[PDB]
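For reference, the chain that follows is the form solved without this ligand, supplied as structure tokens.
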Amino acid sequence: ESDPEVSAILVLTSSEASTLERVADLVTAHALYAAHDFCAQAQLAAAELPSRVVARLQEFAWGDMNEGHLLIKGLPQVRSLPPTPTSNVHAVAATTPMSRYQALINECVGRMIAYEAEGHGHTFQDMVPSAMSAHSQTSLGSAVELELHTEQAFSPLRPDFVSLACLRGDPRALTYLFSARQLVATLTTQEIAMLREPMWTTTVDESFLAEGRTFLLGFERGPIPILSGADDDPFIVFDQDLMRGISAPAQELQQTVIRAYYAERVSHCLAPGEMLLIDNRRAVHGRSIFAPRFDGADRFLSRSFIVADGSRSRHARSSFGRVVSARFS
């Protein structure tokens, strides 16, 4: 029954939540139609947040031994929440007061970014159940478990962080988290060395494909390792559906990672007023089966992405643009 610990939990006091609510009034631009102005206003207004909150976010952003995630509780209550949309085309979360609270916290950590090939390049995406993709390996699934993965395993432009703010929760929908440090603690020396070898080719996610769309990096990339970086602070790239072992031992090692994940993963049921930051280099994430009703009261998260460095994607964006063009993913 492992859950996110006190070190990986930031609880806002009533006073801190009130400051955050007032500071959100400094963020006035349209999140979808003036994304850069919106994000830059949030980055500047974030200087007005409580110092204790800013300190925890900057520590998490630095990354060194950060646990892989940070759960924030006590965000100001979403009071006039519209019904949960049945698809992600409406971008309902992007005009809620939560989008401003989420942007302020995000912009303490790093620069918000979006991807043309992911949820229409929306600054905030509605993470809601899809009746079509219910049995699919996507953030809109429900009837099947969302398998352990890092976000955009195939892409060098993958986000540094995934930001999930909860508008409506579902009691059966558990978010699973598993860090590269937790993984390495269960493995033998030989398994760690092998995961550090470039033995996995990676393929572009099927949802990124489109008629007449060509990727500069091609459809199949690598081979790449699963583990990299410092021995005591390893980075992870993992996705069974998009990473193919170049040999039978390479395929067996992904099974080793999956078993360690089922044995050691921590869980948390996201509730309204909560926000989860996942370090996409240090942890993998998943989600349990749940049973949505598609009745306007379903689980509803606002998803956004963060990168430490916006210059890394400049070649893939327009001037004062926050959207990475699909061909560069």
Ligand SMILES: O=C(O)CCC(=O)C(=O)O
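Counting begins at 1, following the sequence as shown. Take the two forms, superpose them, and find the largest set of C-alpha atoms that agree within 1.5 Å; that set is the rigid core. Only residues modelled in both forms are compared.
From this point on, the text means the form solved in complex with this ligand, which you will not see here.
Annotation: pocket open; no atom of this ligand, superposed via site C-alphas from its pose in the deposited complex, falls within 2.4 angstroms of a backbone or C-beta atom. Out of the listed residues 175, 179, 84, 202, 175 is the one that sits within 4.5 Å of this ligand in the deposited complex by at least one heavy atom.
With the partner removed from view, the residue among 91, 164, 114, 167 that has a non-hydrogen atom within 4.5 Å of this ligand in the deposited complex turns out to be 164. Among heavy atoms of residue 149, some come within 4.5 Å of this ligand in the deposited complex.
A residue is said to contact a partner when one of its heavy atoms sits within 4.5 Å of a partner heavy atom; residue 39 fails this definition for this ligand in the deposited complex, lying far away. Residue 282 falls outside the set of residues with a heavy atom inside 4.5 Å of this ligand in the deposited complex.
Contact annotation: residue 287 falls within 4.5 Å of this ligand in the deposited complex, judged by heavy atom distances. Note on the interface: of 44-52, 65-73, 27-35, 299-307, the segment with non-hydrogen atoms within 4.5 angstroms of this ligand in the deposited complex is 299-307. For the listed set 240, 203, 136, 207, the sole C-alpha moving 2 Å or more between this form and the one not shown on a rigid core superposition is that of 136. In the deposited complex, the CA atoms of residue 213 and residue 135 come closer by at least 3 angstroms compared with the shown structure. The pair residue 143 and residue 139 approaches in the deposited complex: their C-alpha atoms are at least 3 Å nearer to each other than in the form depicted. Regions where at least three consecutive shared residues each shift by 2 Å or more at the C-alpha between this form and the one not shown, after core superposition, span 5-7, 133-141.
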